[PDB]
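Participant: how would this look folded up:
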Amino acid sequence: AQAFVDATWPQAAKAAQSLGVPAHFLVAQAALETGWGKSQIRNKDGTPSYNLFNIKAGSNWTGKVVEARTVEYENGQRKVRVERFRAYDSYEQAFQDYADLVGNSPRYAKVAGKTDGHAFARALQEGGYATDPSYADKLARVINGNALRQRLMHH
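Facilitator: Residues are numbered from 1 along each chain as shown. Provided below are the atomic coordinates:
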């Protein structure tokens, strides 16, 4: 969606500079995570969580949460459960929380500063960002894809 890129790019820009990566890398990751906004986690009322990166609550997370169905892979096994996800006041808060997490967790140290889409996606995957085995491949295709590119120039 164009509305998705328009709503996220400004907030992506701020967090992207904290991480030393192009803003559209973060828009692409959010688009992959939420199906261009069509599958973003929402409250029971249908209120948006703004959690475009699908970040679960940590054990000591205090603040808004939403219980949501989630799919995870462990070995060649598919898992479906309901977990507590973070909820935010705005896309800005969501992006800032993402930069905080990725920027400060040791396992993602190789992510910051990556300005090639494949290298960025691989660093995330190798850091354990996702359980989907083809996460990096899929993310790289969005980052370098014509769909995102056209929507960016439109933005």
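
Participant: what residue is smack in the middle of the protein?
Facilitator: Among the residues of the chain, the one closest to the centroid is residue 53, at 2.7 Å (Cα atoms, centre = their mean).

Participant: need the contact list for that residue.
Facilitator: Shown in contact with residue 53 (Cβ atoms under 8 Å, 6 or more residues apart in numbering): 29, 30, 33, 94, 98. Just so you know, the C-beta spots here come from the backbone N, C-alpha and C atoms, and that holds for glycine as well.

Participant: Quick check: the farthest pair among those?
Facilitator: Greatest spatial distance among the contacts of residue 53 (Cβ to Cβ): 29 and 94, at 11.9 Å.

Participant: before we move on, back to that, looking at the contacts of residue 53, which has the most residues close by?
Facilitator: Counting neighbours by other Cβ atoms under 10 Å, residue 30 leads the contacts of residue 53 with 28 neighbours.

Participant: how is this protein carved up into domains?
Facilitator: Here the domain assignment for the chain is 1-37+89-155, 38-88, based on curated CATH domains.

Participant: so how far does the first one reach from one end to the other?
Facilitator: This points to domain 1-37+89-155. Distance between the two ends of domain 1-37+89-155: 11 Å, counting by Cα to Cα, to the nearest Å.

Participant: Distance from the chain centre to that domain, please.
Facilitator: Between the centre of domain 1-37+89-155 and the centre of its chain there are 6 Å (Cα atoms, centre = their mean, to the nearest Å).

Participant: ditto for stretch 63-82
Facilitator: That offset, for stretch 63-82, works out to 15 Å (Cα atoms, centre = their mean).

Participant: Just the buried residues of the helix ranked longest in the chain, please?
Facilitator: If you go by DSSP state H, the chain has its longest helix at helix 2-19. Neighbour-count burial for helix 2-19 flags 4, 5, 7, 8, 9, 11, 12, 15, 16, 19 (criterion: 16 or more other Cβ atoms under 10 Å).

Participant: For residue 150, state which of those is nearest.
Facilitator: Distances from residue 150 to the buried residues of helix 2-19, taken as Cβ to Cβ, are shortest for residue 5 (9.5 Å).

Participant: Just to check, that closest one is in contact with residue 152?
Facilitator: Yes - applying Cβ atoms under 8 Å, one finds residue 5 in contact with residue 152, separated by 6.5 Å.
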